[PDB]
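S.K.: Residue numbers (the deposited numbering), protein chains in the order written: chain C, 27 to 530; chain B, 15 to 530; chain A, 18 to 532.
Even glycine gets a Cβ: it sits at the ideal position worked out from N, Cα and C.
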Amino acid sequence: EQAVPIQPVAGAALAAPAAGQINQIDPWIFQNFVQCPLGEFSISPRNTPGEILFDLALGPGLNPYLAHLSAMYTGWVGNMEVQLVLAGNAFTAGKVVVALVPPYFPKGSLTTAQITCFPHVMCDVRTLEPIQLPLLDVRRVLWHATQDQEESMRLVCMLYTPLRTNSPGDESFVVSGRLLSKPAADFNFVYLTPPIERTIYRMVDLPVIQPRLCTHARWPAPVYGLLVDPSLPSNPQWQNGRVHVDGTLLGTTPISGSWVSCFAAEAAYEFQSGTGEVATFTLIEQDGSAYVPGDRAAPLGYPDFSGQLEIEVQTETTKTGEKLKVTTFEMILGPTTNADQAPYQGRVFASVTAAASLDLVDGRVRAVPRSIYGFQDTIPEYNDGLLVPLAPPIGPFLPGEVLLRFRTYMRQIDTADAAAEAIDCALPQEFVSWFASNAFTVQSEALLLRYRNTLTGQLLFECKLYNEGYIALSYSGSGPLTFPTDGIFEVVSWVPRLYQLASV
Amino acid sequence: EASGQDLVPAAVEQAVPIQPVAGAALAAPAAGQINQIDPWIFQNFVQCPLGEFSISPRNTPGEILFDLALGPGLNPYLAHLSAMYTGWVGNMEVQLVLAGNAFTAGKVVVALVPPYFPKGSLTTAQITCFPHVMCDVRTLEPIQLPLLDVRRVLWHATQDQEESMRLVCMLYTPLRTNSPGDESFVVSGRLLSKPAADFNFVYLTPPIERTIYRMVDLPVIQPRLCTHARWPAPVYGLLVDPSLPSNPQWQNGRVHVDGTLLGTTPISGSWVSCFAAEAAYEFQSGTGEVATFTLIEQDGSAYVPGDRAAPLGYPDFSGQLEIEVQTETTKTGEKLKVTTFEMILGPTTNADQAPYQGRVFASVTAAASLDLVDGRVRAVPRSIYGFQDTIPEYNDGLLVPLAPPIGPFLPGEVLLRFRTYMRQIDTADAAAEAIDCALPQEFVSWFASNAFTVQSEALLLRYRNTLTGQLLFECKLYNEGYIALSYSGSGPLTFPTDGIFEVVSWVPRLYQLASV
Amino acid sequence: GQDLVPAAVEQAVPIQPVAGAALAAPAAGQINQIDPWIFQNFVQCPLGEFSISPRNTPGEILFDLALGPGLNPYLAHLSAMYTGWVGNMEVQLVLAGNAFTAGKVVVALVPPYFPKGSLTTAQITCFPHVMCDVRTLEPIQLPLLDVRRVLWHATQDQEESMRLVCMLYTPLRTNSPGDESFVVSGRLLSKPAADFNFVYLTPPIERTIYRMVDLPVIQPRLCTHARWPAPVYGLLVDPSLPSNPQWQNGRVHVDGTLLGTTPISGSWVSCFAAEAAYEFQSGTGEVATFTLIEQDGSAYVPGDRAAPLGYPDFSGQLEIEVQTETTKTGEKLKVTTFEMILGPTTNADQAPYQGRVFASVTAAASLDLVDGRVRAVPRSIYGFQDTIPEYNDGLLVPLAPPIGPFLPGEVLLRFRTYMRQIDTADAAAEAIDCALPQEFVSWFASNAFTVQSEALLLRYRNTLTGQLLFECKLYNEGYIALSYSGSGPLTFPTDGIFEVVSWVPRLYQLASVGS
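1) Less than 7 Å between C-beta atoms, sequence neighbours within five positions excluded: which residues of the same chain meet that for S202 of chain B?
2) Which residue spans inside the stretch 326 to 408 of chain A form an unbroken beta strand (DSSP E) run of at least 3?
3) Tell me, to the nearest whole angstrom, how far the beta carbon of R166 of chain C is from that of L168 of chain A; I am working on the premise that it is less than 8 Å.
4) Identify the residues that DSSP records as bridge partners of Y477 of chain C: which are they?
5) List, in chain order, every chain C residue whose beta-carbon is nearer than 8 Å to that of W102 of chain A.
6) Report the residue from B:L429, B:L412, B:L112 whose alpha carbon sits nearest the alpha carbon of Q263 of chain B.
7) Quick one: what's got a C-beta closer than 8 Å to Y435 of chain B's C-beta in the same chain, skipping five residues either side?
8) In the stretch 408 to 470 of chain C, which residue ranges form an unbroken beta strand (DSSP E) of at least 3 residues, counting only runs that do not cross its ends?
9) If you reduce the DSSP assignment to three classes, tell me which class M98 of chain C lands in.
10) Would you say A171 of chain A lies against chain C (beta-carbon separation less than 9 Å)?
11) When the Cβ atoms of the stretch 404 to 419 of chain A are set against those of the stretch 336 to 352 of chain A, are three or more pairs found closer than 8 Å?
12) What are the boundary residues of the beta strand (DSSP E) that includes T306 of chain B?
13) In the DSSP output, which residue or residues are listed as bridge partners for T187 of chain C?
14) Comparing the C-beta of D174 of chain A with each C-beta of chain C, is any distance below 9 Å?
15) Is the distance from the Cβ of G302 of chain C to the Cβ of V387 of chain C below 9 Å?
16) Let me know the secondary structure DSSP gives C240 of chain B once reduced to three states.
17) What number of angstroms, rounded off, separates the C-alpha of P53 of chain B from the C-alpha of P86 of chain B?
18) What residues are listed by DSSP as bridge partners for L159 of chain C?
19) Using a Cβ cut-off of 9 Å (strictly closer), state whether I420 of chain A contacts chain B.
20) Measuring CA to CA, which of B:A24, B:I55, B:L252, B:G114 is closest to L507 of chain B?
21) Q265 of chain C by DSSP, collapsed to three states: which one?
22) Could you spell out where the beta strand (DSSP E) holding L527 of chain A opens and where it closes?
23) DSSP three-state label for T138 of chain B, please.
24) Can you give the Cα-Cα distance for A324 of chain C and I358 of chain C, rounded to whole angstroms?
25) Among C:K351, C:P419, C:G411, whose alpha-carbon lies nearest the alpha-carbon of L384 of chain C?
26) Is DSSP giving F59 of chain B helix, strand or coil here?
27) Are the Cβ atoms of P454 of chain A and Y370 of chain A separated by less than 9 Å?
28) Taking only beta-carbon positions, decide if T363 of chain C is within less than 9 Å of chain B.
29) Using 9 Å as the limit for Cβ to Cβ distance, is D330 of chain B near chain C?
30) Return the residues of the stretch 45 to 77 of chain C that lie within a Cβ-Cβ distance of less than 9 Å from chain B, sorted by chain order.
31) Can you tell me the Cβ-Cβ gap for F461 of chain C and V530 of chain C, rounded? I've got them flagged as a contact below 8 Å.
32) Under a CB-based cut-off of 9 Å, is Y130 of chain B close to chain A?
33) Could you give the first and the last residue of the continuous alpha helix (DSSP H) run that contains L40 of chain A?
34) Among the residues of its own chain, which have a CB less than 8 Å from the CB of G76 of chain B, if the five just before and after it don't count?
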């Protein structure tokens with residue numbers, strides 16, 4: 027290893043008197059250096075000194091084996107050994123610094139002058155053998171608990187002196203670095219407990235379902251194709267189909283796919299001498315519950331597009347025979363005024379152009395889509411003309427990255443053109459249900475995904491699913507490009523925010 | 015020593031897989047004083063503050079019989095001493111007594127659960143994955159268990175609760191009896207404890223009476239000298255009656271044991287069935303004298319519709335209520351009088367009331383153009399006609415927040431009622447009108463003023479006569495503020511009113527009572 | 018008989034020694050020793066000033082302090098290069114009393130994790146303690162031990178430690194005819210005890226906690242008003258003016274969290290930015306509808322603030338100057354004057370909380386203009402009223418609370434400026450007051466000060482002469498108090514500098530100012 031200005035740290039000798047048990051680990055695990063999650067970097071000649079290359083915390087999460095083992099224990103203590111591997115040759119120059127930051131040091135940005143005031147080592151990019159460091163358990167408690175995250179010693183690596191090299195004309199030269207680790211001889215677990223499947227160290231996974239068998243999250247229809255189209259706007263403001271990976275629902279997106287583009291309301295019918303009868307809807311929750319306006323633009327599932335649509339309602343009439351029917355209505359949602367539509371407050375209006383009297387009763391109805399006229403990809407009007415709390419736009423994307431969109435075709439009544447009508451979404455509803463039910467723990471910023479064919483095995487592309495709930499692709503084309511709908515998405519690993527993808 | 019040993023005796027099979035744990039030796043260099051406990055306390059096992067339980071043949075495998083957290087609250091001595099310290103540390107010894115009849119059969123499991131294990135979900139699969147002990151219910155000798163202080167700090171704080179080792183007992187195998195005669199026995203289990211050698215407290219602090227351990231006590235008053243919580247009358251009877259509805263929705267007299275006041279119940283017993291309002295009068299050649307009342311709090315503060323169905327102390331039944339109101343008349347010869355008004359609080363009908371904007375009406379039948387002035391007044395009940403034990407409409411067809419109905423009850427369990435009789439007008443019936451409550455106002459004020467800390471789920475009480483010092487029955491008071499007891503008969507049962515209720519211990523819901 | 022029991026024994030505190038570095042060394046990375054001469058001198062604590070008055074009642078807490086590096090200026094300065102600390106201290110108390118004064122205080126050692134409610138006078142003597150007369154001429158000293166459950170303490174976390182609490186055991190009374198305004202002064206000093214050190218050597222960082230608050234060296238005459246874009250012209254106190262105003266601008270905590278619609282930049286006050294849409298058909302006039310956004314270009318979202326940052330918080334009619342693009346023959350862009358209404362108005366829809374503003378001009382022609390983004394700045398005020406305007410239709414919007422909760426005899430210091438008013442009758446200037454001027458709103462939220470007490474004692478002193486003009490209390494909520502019992506308004510010269518003395522408790526009694 028190296029001489030670092032620090033004292034030895036006691037592990038199990040400090041924890042043993044108040045531990046019920048001290049548990050030993052498979053001795054073959056002390057003989058292998060394994061790659062750490064989020065432990066890689068690339069240095070380029072364009073990078074400037076002071077960039078953080080990595081920042082890692084001590085704990086069972088650095089080692090996949092120890093992470094799996096910690097599901098059947100109450101606590102852990104002790105230190106680790108770490109290796110940094112750099113890939114340069116003899117014609118490079120530049121320097122890197124790795125320092126040991128103590129558990130309670132404030133979070134923020136460090137300069138090159140401050141990084142040298144920690145216990146640290148400084149390494150040239152021409153180094154041949156791996157650089158060996160200790161990671162010690164500096165703490166104020168006797169042992170750590172496995173199922174919560176505490177403060178611990180950190181390992182921070184920052185570019186110190188810039189890389190100076192030549193390059194060919196075709197590819198820029200980079201210096202790659204990787205960090206590996208293993209437990210030291212003083213490492214232990216504490217108390218054998220019944221294993222738990224839902225652990226903070228649990229990798230995210232996706233349902234094994236091809237997108238052609240999923241459901242669209244904005245319109246009640248099957249997914250008919252996945253694609254990318256740079257010509258269309260890049261940062262929409264869709265209020266349905268938005269979910270965090272940790273399982274937080276954004277906007278008005280519901281859990282179930284039967285709530286999309288629908289609402290439940292108390293309906294009062296009043297015949298008017300002019301156009302005809304008018305039905306007033308007082309909105310409530312779809313499952314049956316009071317609707318109080320708040321942080322949401324509308325009750326969950328409310329349509330989030332602009333246009334004129336028609337709805338079908340279960341209606342009970344009083345005539346000379348015929349208790350109940352199912353009639354249609356007309357509803358306006360666009361920026362045309364003429365109705366005072368305020369879905370945010372919870373009042374809507376509808377009507378039908380009819381003669382004679384059509385008196386009915388108020389009977390706890392539910393409304394469903396029929397068709398759309400003049401549909402446009404723009405936010406509806408949740409107030410009279412006012413503003414509402416709503417979800418942020420989708421993005422931002424790194425330069426050379428573009429959104430991947432799941433597309434379906436909705437019903438049309440326009441007489442102008444007859445080509446198609448396509449509405450897109452960020453994720454199908456099955457992914458929404460999956461993320462909302464599993465409640466994963468997020469590690470850094472984004473997950474490297476992988477689309478491949480079921481039985482042939484051919485890789486199609488690699489993409490990035492951001493924590494916000496949208497998938498980005500590194501594309502540089504100009505015309506729309508579609509993909510086969512018969513593959514399966516698989517999760518590879520967590521990646522940092524600035525991670526360039528392989529192109530199409 | 016004893017008669018037939020067709021039983022198990024000693025369950026000396028422990029070999030519990032656990033290392034010894036250090037106690038006060040780790041804490042001494044970080045405490046600023048030298049403290050020690052009276053050595054005689056380390057000498058005998060005493061019953062725990064929540065050390066009674068029961069196993070019945072109706073219990074199913076997986077049911078939790080007890081779970082005790084390590085700390086000063088397992089010992090009455092240590093619980094009383096903990097009021098003068100900030101801090102404890104150390105181990106404990108527990109004795110389990112379950113020595114059931116030779117005709118029974120069954121098994122329990124006792125496990126050592128470490129700190130930070132999630133509470134709630136604990137199944138028959140997971141219990142044996144812990145260091146544990148298997149016990150027969152016939153076992154003659156007391157079973158001895160260690161409770162270790164597994165921790166990652168140096169000592170614990172007496173006030174507030176931290177994570178410590180738990181001792182959990184599951185029913186492993188159902189309890190069944192082999193005897194030919196018509197009945198299955200019940201096993202009555204006891205828990206005793208004492209501190210281990212290196213147990214200690216840390217820093218001497220002023221002894222505060224209101225502390226988390228303490229103990230819930232009740233006032234020493236006979237029920238016949240108490241006041242009713244639903245009608246201003248003395249308590250006249252103690253009754254149980256299975257025929258009456260078992261889950262009523264009374265809004266008065268409802269108090270949580272920890273102290274929280276529920277429903278519309280007041281602290282004082284003079285607010286019950288009374289109300290304060292701003293009165294405005296008018297005269298009509300039809301109905302007569304019509305008074306509109308805008309209700310305000312009976313202490314003179316204004317009333318705002320919030321999380322209560324009505325202002326504090328409002329009547330919570332249906333009927334026609336004759337009330338007396340003080341009125342001032344400008345006509346010569348009289349200045350101040352008391353008048354009787356009629357109040358309609360029954361079912362909704364074709365009536366003219368608008369409580370929505372806070373105007374609630376009363377009527378008086380007369381012909382002469384009575385002259386009266388508006389003001390403020392407090393109205394108290396005088397009589398009831400057509401009484402019905404049912405909640406009145408508060409928002410007139412719109413739901414209002416209400417206290418939950420009283421319940422649930424274990425099978426065979428029935429509510430115990432404090433009964434009083436009210437003045438009423440009857441057209442042709444000579445009987446007295448009876449109204450019941452769950453707890454008299456004295457207990458409501460006691461719990462409101464004392465602010466106790468609950469421990470498990472319920473309290474076991476014993477009712478004892480003062481004339482002979484002889485116990486009448488045992489009952490369960492739930493944390494929700496109602497008392498239940500085990501009765502399987504048909505006709506009503508009445509009890510003497512000159513006894514005293516005494517607190518015995520903390521018990522869980524599934525505790526099986528002896529039948530009365 | 019046998020023994021003699023003396024009647025007069027000197028006071029002392031019995032202890033059992035508490036281990037410091039011996040407990041912590043095996044799990045600390047380093048154990049770092051401090052300069053040995055720091056162990057030899059008592060030095061005033063940063064929170065080390067308090068007062069006793071005959072208006073205080075027994076059982077009032079005169080002070081309380083937490084063990085840690087923040088009790089000593091040398092230790093507070095050293096703690097910026099370490100991550101932790103362990104060990105014990107000693108504290109010294111000095112009181113400036115008289116032969117007139119009768120009273121007793123008790124100083125007690127309250128352990129960590131004792132419940133924080135309210136101790137009474139009988140319970141305070143059950144802790145280890147010292148009893149002190151207010152007539153004492155010499156200092157009194159006590160030990161502060163590191164009773165704890167952890168191995169060491171993090172420096173940047175306050176955590177829970179041993180406390181030192183002093184309360185009034187017996188009432189303060191003078192034989193004088195009274196009642197007078199005699200105040201007993203008290204000061205606290207400290208030093209580390211033998212077992213004390215730090216834990217892990219880190220880069221020295223100046224923006225840490227235990228960094229004493231300071232103030233910019235700028236005279237008030239060279240500052241900016243925080244509610245109107247004008248230089249500050251007056252410094253005054255007025256008991257006749259209302260005592261608890263509800264200003265939404267100019268509010269900031271000492272820790273730097275902004276309240277209300279306070280902006281960082283000094284060019285944002287009383288201005289707004291919006292997209293404008295202009296309409297006129299035959300006789301309505303050129304009516305402009307503004308959809309507001311944040312002044313930096315960011316979209317406005319209705320949230321925890323009553324309006325976009327920098328919005329006016331005074332009622333009246335505002336006349337503003339706005340750049341507009343015309344398309345008539347000749348001329349492309351000009352600057353026009355517009356009228357708008359801030360306060361309540363029947364039949365009018367003004368909800369800047371929701372982002373909708375309406376303005377009008379009187380036009381003798383069409384003078385049609387294209388739509389786009391504009392920035393509107395104030396130009397004139399008509400009917401200026403100092404009150405909260407109509408933020409919503411009829412609803413309650415999130416607002417900053419009123420100033421409050423001054424002690425008896427305590428009034429609010431005001432920074433005064435003059436606006437550009439258009440009226441027809443009175444030529445008197447109209448004045449607007451602020452609690453803290455700009456350059457004080459900045460210098461907050463750029464420094465993350467940790468307060469460690471309830472009020473700051475300041476000293477106003479001229480630079481040319483050095484004489485003290487007045488002393489005041491700066492509350493954590495971001496306003497200043499003075500002890501002024503007079504009736505008429507009083508003003509002060511505006512060429513002084515505010516100087517930070519120390520941290521004080523809320524009950525601290527200021528010396529009276531003026532007559």
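M.R.: Let's see:
1) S68
2) 332 to 342, 350 to 358, 374 to 377, 389 to 402
3) 5 Å
4) C:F487, C:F515
5) The premise fails here: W102 of chain A is roughly 11 Å from chain C at the closest Cβ pair, so nothing lies under 8 Å.
6) The candidate whose alpha carbon is nearest that of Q263 of chain B is B:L429.
7) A247, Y250, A446, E447, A448, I449
8) 427 to 429, 431 to 435, 448 to 451
9) helix
10) yes
11) The stretch 404 to 419 of chain A vs the stretch 336 to 352 of chain A: no contact.
12) 302 to 310
13) C:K121
14) yes
15) Between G302 of chain C and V387 of chain C, the gap from beta carbon to beta carbon reaches 9 Å or more.
16) coil
17) 16 Å
18) C:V108
19) no
20) Nearest C-alpha to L507 of chain B: B:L252.
21) coil
22) Here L527 of chain A belongs to no beta strand (DSSP E), and DSSP marks it neither H nor E.
23) coil
24) 15 Å
25) It is C:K351 whose Cα lies nearest to the Cα of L384 of chain C.
26) coil
27) Their beta carbons are not under 9 Å apart, which means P454 of chain A does not touch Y370 of chain A by this criterion.
28) Under the 9 Å criterion on CB atoms, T363 of chain C is classed as non-interfacial with respect to chain B.
29) No, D330 of chain B does not count as interfacial toward chain C.
30) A45, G46, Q47, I48
31) Cβ atoms of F461 of chain C and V530 of chain C stay farther apart than 8 Å, at about 26 Å.
32) no
33) 38 to 41
34) So the qualifying residues of the chain are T137, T138, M184, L185.
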